[PDB]
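So this one's two forms of a single chain, laid out as structure tokens and tagged structure 1 and structure 2.
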Structure 1
């Protein structure tokens, strides 16, 4: 707290804005940097979040905030702009290479430190796997899948697995309750993308009108079974089970701030005594999606910093490392 961690956020939709608010009260982490598609804001003394949020929602970019800069390469520019020990990539992976793309800009930039994401999709994480040496070579400690699921729930499964000689299944069921879908438009467009009638390009092609139409069919409720979800490969890399034994589904209600069911992960395996059994980790209904994503993200940023500081670079997943509570 004489030397708080200095962090940035890239992407300033609803999730990135939540991340900024989560950081405000912290003593040992300081938000110094935000970027969005058309602009960036840096302030070594701490970002003024109200000002950034107003600028963004009202004028379309944080580049329009008090000390903001407009730019069509905000990321490139922000990197060079000053001292940041790590960034949270709050960005939707759009186009579906954009995280890796942004990651390559970081690789390319000559910057070193900690990066963290909250990617959801097995295939986006694979794109990051391909870069793991390039990361390590660049001096970057990259923490992937460090949100709710993957992330928190993936780490819980990794811990839970220690009671068992062999794991038979890891089943995640998540609930999301948001007041209206626009509040997390990207997140909702990303869910729709991995819905059986659709895909990523068609999802992004859709208008807000057509989105609202789809949601009307079911009173704003999306029931997603066996989705693509990087929990699977993360638990495989950690040596716990094969990806096929990991299933992820959930319900998102876009017309209610109450969570439509309790988010949980169930871990089933066989003990050395040949008993078959299950542990369950359940999240409280009043922990929002934003809290269960961004809290772990910064706990992993702090952990990643610990690893970076002792010279460990490369790609780490939530299943590999103990996140560290941020105060």
Structure 2
């Protein structure tokens, strides 16, 4: 009885999430939705077919068993049996994840939701929905990506050695392999550039983008970003959000990671000695793998909590993710 799961969003992240699920024996992808269509197959999605439909014909509604629809998310919820969904949605507008969650609250569907949100303020909009989620019978796992997520959890574990936390420093690197199937979401990173914000970045043209990325050989270096690692670690009682600082480099013109992603956790131990733990990711673990891997680990953990009748909102920092086989 493998977990029947769905993906909402079929840009680069959701496509990678679909590929990641293929060989799992204990997780079965039955449901995808994009803006313009949805695909359900209780016997398991043809990812080849769905990625074809999307990239060639603009939506998975064009897939062999696909349905076109401007209510894809509303239609797919009531369409068949899905234990959990990964919300691989961009947060555009900044309310969209919260709005999609309100559709899930409103639908009377129960089960597990996971996101890979990045921005403190989007995670806050989901905090306000804590009781709504509980009451609806939904276990919601928020910030269960790479950062927040994998790295947030690593810091939460690392923190146990210390009487007091001083700094959680996250430095991430990202190399874009395929420009096509990232330039849909590149504006989420441009929004973290100094001078910019989501509204300004989202209104930019392919031209205004390429004109910016030309200034640096396709390198976005983003400094002290709005990253929900800060509140997740604070709700877990580890440190104040202000002691969490997140920074990153994306190389748009190189598949190779421009630096080793890591989290440095600094604190003082009970003996009054000050020291740092360091969790480093392999350079050949892609963004897709470091996001979607934890995402479905959390989805499985979420189902464990859901099954025991534990509902509400959980962060990467609160629960141990479960290896999906």
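If you superpose the two forms and keep the largest set of C-alpha atoms that fall within 1.5 Å, you have the rigid core. Only residues modelled in both forms are compared. Positions refer to the first chain, counted from 1.
Core-superposed comparison between structure 1 and structure 2: among 185, 243, 255, 132, the single residue whose C-alpha moves by 2 Å or more is 185. Relative to the superposed core, residue 104 has its Cα moved 0.1 Å between structure 1 and structure 2.
Considering only residues present in both forms and aligning them on the rigid core, one finds runs of three or more residues with C-alpha shifts of 2 angstroms or more between structure 1 and structure 2 at 179-183, 185-187.
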